[PDB]
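The next block holds one structure in the form of structure tokens; read it before the comments.
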Amino acid sequence: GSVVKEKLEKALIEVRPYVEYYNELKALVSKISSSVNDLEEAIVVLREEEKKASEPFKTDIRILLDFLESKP
């Protein structure tokens with residue numbers, strides 16, 4: 001089961017004043033969390049998703065991604 005979900009929910013809140021298309025990014029979060037179990041996994045997904053998805057949404061992917069990287 002996914003522990004990463006509870007981290008991504010907190011991530012969404014704090015990155016919300018920085019990310020555009022919050023509901024769209026939350027939809028991506030619910031998808032990636034359902035695919036993965038651990039944070040390190042969801043991080044690798046947000047790395048690939050940033051590359052394949054175009055901006056402005058690309059930007060919002062890597063804002064949330066960088067936030068997971070930033071916290072210990």
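Within each chain, counting starts at residue 1; across the structure tokens, chains are named A, B, ... in the order shown, with ligands numbered 1 upward in that order.
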Next item on the list: Output as a PyMOL selection string all residues of chain A that backbone DSSP marks as alpha helix (DSSP H).
Entry: chain A and resi 4-15+22-35+39-52+57-70
Can you write just those residues out, C-alpha atoms, as an mmCIF file, in the first residue's frame?
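Final output, saved to out-v3.cif:
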```
data_model
loop_
_atom_site.group_PDB
_atom_site.id
_atom_site.type_symbol
_atom_site.label_atom_id
_atom_site.label_comp_id
_atom_site.auth_asym_id
_atom_site.auth_seq_id
_atom_site.Cartn_x
_atom_site.Cartn_y
_atom_site.Cartn_z
ATOM 1 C CA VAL A 4 3.671 8.241 -0.308
ATOM 2 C CA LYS A 5 0.002 9.445 -0.499
ATOM 3 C CA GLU A 6 0.107 11.202 2.921
ATOM 4 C CA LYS A 7 3.332 13.044 1.865
ATOM 5 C CA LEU A 8 1.921 14.107 -1.547
ATOM 6 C CA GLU A 9 -1.245 15.494 0.163
ATOM 7 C CA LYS A 10 0.934 17.716 2.445
ATOM 8 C CA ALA A 11 3.068 18.586 -0.631
ATOM 9 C CA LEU A 12 -0.044 19.731 -2.598
ATOM 10 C CA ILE A 13 -1.039 22.132 0.248
ATOM 11 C CA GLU A 14 2.380 23.860 0.591
ATOM 12 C CA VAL A 15 3.130 23.996 -3.187
ATOM 13 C CA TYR A 22 -3.818 22.644 -8.708
ATOM 14 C CA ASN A 23 -6.791 20.263 -9.371
ATOM 15 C CA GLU A 24 -4.964 18.874 -12.467
ATOM 16 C CA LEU A 25 -1.729 18.369 -10.452
ATOM 17 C CA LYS A 26 -3.782 16.692 -7.663
ATOM 18 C CA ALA A 27 -5.227 14.323 -10.325
ATOM 19 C CA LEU A 28 -1.624 13.441 -11.372
ATOM 20 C CA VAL A 29 -0.743 12.982 -7.636
ATOM 21 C CA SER A 30 -3.659 10.539 -7.084
ATOM 22 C CA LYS A 31 -2.565 8.600 -10.236
ATOM 23 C CA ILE A 32 1.212 8.342 -9.408
ATOM 24 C CA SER A 33 0.481 7.453 -5.733
ATOM 25 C CA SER A 34 -1.862 4.637 -6.895
ATOM 26 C CA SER A 35 0.955 3.308 -9.173
ATOM 27 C CA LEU A 39 8.112 8.399 -1.961
ATOM 28 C CA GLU A 40 11.348 7.581 -3.914
ATOM 29 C CA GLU A 41 9.148 5.810 -6.540
ATOM 30 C CA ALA A 42 6.712 8.822 -6.950
ATOM 31 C CA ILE A 43 9.790 11.109 -7.229
ATOM 32 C CA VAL A 44 11.137 9.059 -10.222
ATOM 33 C CA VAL A 45 7.630 9.326 -11.808
ATOM 34 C CA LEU A 46 7.595 13.164 -11.338
ATOM 35 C CA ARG A 47 11.088 13.275 -12.990
ATOM 36 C CA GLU A 48 9.844 11.449 -16.155
ATOM 37 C CA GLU A 49 6.427 13.266 -16.135
ATOM 38 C CA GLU A 50 8.145 16.676 -16.073
ATOM 39 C CA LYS A 51 10.094 15.709 -19.243
ATOM 40 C CA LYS A 52 7.157 14.224 -21.283
ATOM 41 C CA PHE A 57 1.948 21.964 -16.200
ATOM 42 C CA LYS A 58 5.658 20.795 -16.536
ATOM 43 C CA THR A 59 6.629 23.636 -14.137
ATOM 44 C CA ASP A 60 3.992 22.566 -11.559
ATOM 45 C CA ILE A 61 5.189 18.907 -11.660
ATOM 46 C CA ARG A 62 8.785 19.913 -10.784
ATOM 47 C CA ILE A 63 7.666 22.462 -8.097
ATOM 48 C CA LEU A 64 5.991 19.576 -6.158
ATOM 49 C CA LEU A 65 8.885 17.189 -7.092
ATOM 50 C CA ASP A 66 11.555 19.657 -5.796
ATOM 51 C CA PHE A 67 9.551 19.983 -2.529
ATOM 52 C CA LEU A 68 9.802 16.176 -1.898
ATOM 53 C CA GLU A 69 13.568 16.388 -2.727
ATOM 54 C CA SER A 70 13.952 19.423 -0.408
#
```
Note to self: So that I can see what lies close to residue 2 in chain A, please list as a VMD selection string the residues with an atom at most 7 Å from it, counting only C-alpha atoms and leaving out residues fewer than 5 positions away in the same chain.
What the structure shows: chain A and resid 33 36 to 38
Preceding selection exported with N, CA, C and O atoms as a PDB file, in the first residue's frame:
```
ATOM      1  N   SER A  33       0.525   8.056  -7.068  1.00  0.00           N
ATOM      2  CA  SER A  33       0.481   7.453  -5.733  1.00  0.00           C
ATOM      3  C   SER A  33      -0.179   6.071  -5.791  1.00  0.00           C
ATOM      4  O   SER A  33       0.178   5.183  -5.025  1.00  0.00           O
ATOM      5  N   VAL A  36       2.555   3.724  -7.368  1.00  0.00           N
ATOM      6  CA  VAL A  36       3.736   3.525  -6.502  1.00  0.00           C
ATOM      7  C   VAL A  36       3.291   3.246  -5.055  1.00  0.00           C
ATOM      8  O   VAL A  36       2.094   3.219  -4.764  1.00  0.00           O
ATOM      9  N   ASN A  37       4.259   2.992  -4.169  1.00  0.00           N
ATOM     10  CA  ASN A  37       4.007   2.762  -2.725  1.00  0.00           C
ATOM     11  C   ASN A  37       4.864   3.720  -1.885  1.00  0.00           C
ATOM     12  O   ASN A  37       4.391   4.298  -0.896  1.00  0.00           O
ATOM     13  N   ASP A  38       6.125   3.892  -2.301  1.00  0.00           N
ATOM     14  CA  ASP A  38       7.122   4.703  -1.571  1.00  0.00           C
ATOM     15  C   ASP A  38       7.341   6.056  -2.267  1.00  0.00           C
ATOM     16  O   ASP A  38       7.052   6.210  -3.472  1.00  0.00           O
TER      17      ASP A  38
END
```
